[PDB]
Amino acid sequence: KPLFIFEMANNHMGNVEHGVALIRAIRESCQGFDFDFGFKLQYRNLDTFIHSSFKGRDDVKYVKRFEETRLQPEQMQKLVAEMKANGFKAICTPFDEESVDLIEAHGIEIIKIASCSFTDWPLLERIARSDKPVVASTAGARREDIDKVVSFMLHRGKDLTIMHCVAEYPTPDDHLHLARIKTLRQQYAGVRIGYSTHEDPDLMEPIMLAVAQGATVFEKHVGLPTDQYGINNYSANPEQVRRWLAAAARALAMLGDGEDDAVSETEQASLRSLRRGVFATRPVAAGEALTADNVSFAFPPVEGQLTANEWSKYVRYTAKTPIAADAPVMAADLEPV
């Protein structure tokens, strides 16, 4: 049931072979874990998306990075092909209306909304008229906005998932604000809650904290280090992904199931072995009632001596058969009153 999502973003680096080699290593990292898994792309129609005025420029963030790692629809369909080949849910973040169109053509199963497009209303309209599940990130979103967006998606019957994240790239430990996962969970009932992250140096605890807080979907950026290919400071390599899942794996075990009222057999005998048994202080005749004079409490009990945990201060029991003084009051020897 937990779903983990692996964000490639642009870490294919403009290169498909690399990106195929990265999906396949991520599948290797998943060996043995019993979760759901999705792989994520980012769709921008670079023609429309980067404005004429900013083409070829680098005096501002992201333009150059976007232009350099550009991939053609032909090649983007190729990656989906592998994604699915390996058993990943194909997941994608459109930033354009036209990229939604494209997501459809590619038979992608799910739509992520990035935090930046969270209130990109025209983009939302385009997504709403789609018929796939939605995963929305909410970094620095106002409550009133997330409300609008939740309400609007939920009305008109969408499968929605809302994710905590922070738009600091990478995110200081100081600054993960994981408490927010619960804030979101409490604000919005019957909406899946998740956590998308820019934490990683190889951290490991945030995920446990995240699971504990009742997030059910988890997104992390991934990439494959290589000689002549670097990695950024918020993207995990295949070695740290496996660890990432090992951590969640552990946290689930340590957490157990909150459903279980059910009780261990150790616990029960242990607990008895520390309880106070009820003893007669004085001979008690047949049909004598048991009172504050005549009994006392002391440990430890024998089976199935009546214990203090069953005593009452009002008159509850008479002795069916006589009890010797200083003897354990056995519970099979008492008729209730």
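The first residue of the sequence shown is number 1, and the count goes up from there.
Engineer: Taking the recorded C-alpha temperature factors, which stretch has the higher mean, 149-157 or 248-256?
Structural biologist: In the deposited entry, the stretch with the higher C-alpha B-factor mean is 149-157.
Engineer: Test of understanding: from the entry's C-alpha B-factors, which stretch has the higher mean, 68-76 or 260-268?
Structural biologist: Higher mean C-alpha B-factor: 260-268.
Engineer: Quick one: which of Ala136, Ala210, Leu176, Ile231 has the biggest Cα B-factor according to the entry?
Structural biologist: Spelled out: the listed residue with the top C-alpha B-factor is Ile231.
Engineer: Among all modelled residues of this chain, ranked by Cα B factor, put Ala331 in the bottom, middle or top third, i.e. lowest, middle or highest.
Structural biologist: Its C-alpha B-factor belongs to the middle third of this chain's values.
Engineer: Give the position of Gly107 by CA B-factor within its chain, expressed as the lowest, middle or highest third.
Structural biologist: Middle third of the chain for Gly107's C-alpha B-factor.
Engineer: Hey, what third does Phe54 fall into on Cα B-factor, ranked over its chain?
Structural biologist: Answer is highest: the recorded C-alpha B-factor places it there.
Engineer: Could you place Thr226 in the lowest, middle or highest third of its chain by Cα temperature factor, using the values in the record?
Structural biologist: Its C-alpha B-factor, which the entry lists for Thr226, ranks in the highest third among residues of this chain.
Engineer: Could you place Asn86 in the lowest, middle or highest third of its chain by Cα temperature factor, using the values in the record?
Structural biologist: Middle third - that is where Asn86 ends up once the chain's C-alpha B-factors are sorted.
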